[PDB]
Every structure is written in C-alpha cells, then in structure tokens.
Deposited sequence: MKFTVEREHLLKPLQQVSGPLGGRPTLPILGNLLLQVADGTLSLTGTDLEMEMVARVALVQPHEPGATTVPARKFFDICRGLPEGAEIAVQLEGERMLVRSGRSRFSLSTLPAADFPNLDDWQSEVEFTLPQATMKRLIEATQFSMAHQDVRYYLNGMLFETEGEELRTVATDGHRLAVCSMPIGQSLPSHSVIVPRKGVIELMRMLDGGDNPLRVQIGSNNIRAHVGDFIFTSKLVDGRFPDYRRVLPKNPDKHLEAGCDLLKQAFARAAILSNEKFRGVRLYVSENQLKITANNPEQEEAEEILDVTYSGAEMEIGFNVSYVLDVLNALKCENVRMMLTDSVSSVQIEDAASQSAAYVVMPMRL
C-alpha cells in the first residue's frame, strides 16, 4: 500500500474520522484513499482522490498519532506513505515516522438495507438538530431518551428530543412526499452528524434502515446504529388548551432570568414567575436568605398566576430560539408551558414547572 498526497487534502477527512477502535482504516483502491473511523456504534468514511502514483492495499494505524503527525507538518506539505510489514512509514520533507499497524482484516465493519430515503439541504438538517439537541437526555436509564427522534411525515422531516422534564420539537419542509416513519439516533451519533455539516450549500442524502441511519454529504459517509425503544409522542406532551398567553422580548426575558438566577439555590436553580395584567415578576431566593426581583412589561392575557421554572430549561429554549419576541402559552400553576418564537411555528418547546 503506497500513496503520496497533499497534507491539505487529508486535513478535513482526518478531522471527521478522528485497541483497534483507536485506529483508522486506510484503504487504497480504484484511485481513491478511504479513511474509516469507528467506535462499533457508528462509523465515518472519508474519501480522497489520488492523482500521484499509488499502490492498492490497506492497513490500520493509530488515529490520533497519524492525525497529529499530518496536522503537525507545515502548510503546503506533501505526505508519502508506504506499508512496510507491521509498520507504516510516513514521510514529508526530512520528517520521518514509523507507526505500528493492526491488520485491515481485523478492522470492525458495521451490512443492512435502506427502507426510507430523501435528500435535503445540509442547512435544513443543521437547523433541525440545533433546534432540539439540547433537550436530549445524557445518561438516562431509559436509553431511548439518550438521543433524538427523526420522523418523516407528509413533506416534512421532524426532530424531537426530551429528557422527561423538557421537550423540543422542530419540523421543516423537504419538498417531496414522504412515508410516515420514525427512528431514534443515539446522542453520540447526533453530535457526530452535526459535526459533519459545515453550512455550505451542499445536498445531504439520508438513508434509514430498521437498525441504522446513513448520511452522505460531499465525500463523507456517516453511518450509525439506531436506539430501539418507544419514544414519547410529542403530540401528547404539547399542552392541549393553554388559555393564558404571555409575549415578551426574548432578550429581556433571558437577561431577567439569568440575573434572578444569581440568587437562586446553586444546586437546583429556579425562579418564581408571577404573571398579571401587562406584567411579569421573576423572583429568586437562596439558603442565605438573599433575594432577587425582576419586573418586566409584557403582553399578557388571562388570569393572574404564579409558577416556577428551572432556569437552565428556560435559558436553553431562549438560546435556541434567538428570537425577537417569545410566546409562552400557560394553563395553570401545575402544568407544563409551551414556548415558541412569536414569529415562527417551525419549532416548539414544552417545559415542566418547578416547585419552589
């Protein structure tokens, strides 16, 4: 196995693909160098064209060491690789390296069949994930909440994320008629998928199987296993009939929350909201008996009520909305609230109240 390639062409591929699971699989075949990283749950494959003389073959090498070497070489560098027994030789200028190898044959492979396919701007996928990813659970015993629902319905792709205390849902049109379908992508997979998307205008092809998802953009192919379990139905989480409607400036609301939070309990940070005619009062207190109060002029209709919220849950929403004005739809002091950008119904958020 031999190739010579510009450092420049290896950088993004290496970034994307970065004991045998600490190794990258390198394969030369049909004028192409393919680089594959895997943790057994997911895999990333990047391809680089080879124009300079090359010889087919494959090995695996330490991923971080190999990446660090290539990134460590100067800009403009040319990188020459040859496989020599149990070692891989890497050469550029008067820099030389010999890396240990494990056989290509020992490298783990994820086959499976595609059931649902569609193309969409990578930008639309980014929007969907950014809108909801912060509401994923992290290490819940309910594994299926440690990730994100991808659902196709009509001509929309929808994401849903929840940790049982707050929920996020976002839908975007993809311009073609789709079968009704839903799968859970593990949180690590959502993160890796998001990292593959750079905000250029670039089509993304998505293929979904019974147990896998695959995404192709440019010269990259990401494949992950799915998480198998029953995801909650966002439609049963949305408040069925909120009759109290609050509208306020996004930034004013965010900053009032953040300031009041300073004097909340540091271990479980929440604030009390009192809504009344034209007005919102946010309050906090702590074990030192310190107290914060914020008063805001707001658009409000409905009965006066008091309700508490976890600060981080509300700030997380306001930070995802990046809105001018936000709508909060309330029911009563013991029910969850629905939060939305006053000027967009692409996304919605539902947050449990907190007792204080």
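- Message: If a residue lacks a C-alpha atom here, it counts as unmodelled; so which stretches of the deposited sequence fall into that category?
- Response: In the chain as deposited, 19-27, 120 carry no coordinates.
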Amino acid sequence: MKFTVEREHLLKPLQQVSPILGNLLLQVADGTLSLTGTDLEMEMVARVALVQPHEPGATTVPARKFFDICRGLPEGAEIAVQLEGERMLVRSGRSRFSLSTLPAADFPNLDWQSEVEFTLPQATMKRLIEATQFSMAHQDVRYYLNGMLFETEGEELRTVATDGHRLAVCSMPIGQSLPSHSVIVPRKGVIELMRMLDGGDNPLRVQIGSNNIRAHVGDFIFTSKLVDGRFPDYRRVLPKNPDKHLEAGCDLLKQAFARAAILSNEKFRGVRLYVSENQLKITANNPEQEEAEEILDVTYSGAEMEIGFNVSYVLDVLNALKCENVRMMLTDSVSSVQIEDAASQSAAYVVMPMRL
From here on, numbers count along this sequence of modelled residues.
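We call the rigid core whatever largest set of C-alpha positions still superposes within 1.5 Å between the two forms.
- prompt: Hey, after superposing on the core, which one moves around more in 7 other deposited structures of this protein, 262-270 or 136-144, CA-wise?
  reply: Relative to the shown form, the greater RMS C-alpha distance in 7 other deposited structures of this protein belongs to 262-270.
Next item on the list: Could you check whether 299-307 or 25-33 drifts more from the shown form in 7 other deposited structures of this protein, using RMS Cα distance once the core is superposed?
Entry: So, of the two stretches, the farther one in 7 other deposited structures of this protein is 299-307.
Which of 254-262 and 204-212 has higher mean CA B factor, as the PDB entry lists it: Going by the record's values, the stretch with the higher mean is 204-212.
*Would you mind comparing 228-236 and 277-285 for me and telling me which has the higher average C-alpha temperature factor in the entry?*
Looking at the record's C-alpha B-factors, the answer is 228-236.
ask   = Which one, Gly218, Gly76, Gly270, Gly147, has the peak C-alpha temperature factor per the PDB entry?
value = Max CA B-factor in the entry, restricted to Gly218, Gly76, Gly270, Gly147: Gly76.
- Item | Largest Cα B-factor, entry values, listed residues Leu296, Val48, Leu315, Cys323 | That would be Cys323.
Quiz item: Among the chain's modelled residues, which third holds the C-alpha B-factor of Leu11?
Solution: Middle third, going by the recorded CA B-factors of the chain.
Cα B factor band for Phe66 (lowest, middle or highest third within the chain): According to the entry, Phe66 has a C-alpha B-factor in the chain's middle third.
Notebook entry, point to check: What third of its chain, lowest, middle or highest, does the C-alpha temperature factor of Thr60 fall into?
Noted result: Within its chain, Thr60 is a middle-third residue by C-alpha B-factor, going by the deposited values.
Taking the entry's C-alpha B-factors for this chain, is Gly37 in the lowest, middle or highest third?
-> Its C-alpha B-factor belongs to the middle third of this chain's values.
Determine, from the deposited record, the chain-internal third of the Cα B-factor for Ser114: lowest, middle or highest.
Its C-alpha B-factor, which the entry lists for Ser114, ranks in the highest third among residues of this chain.
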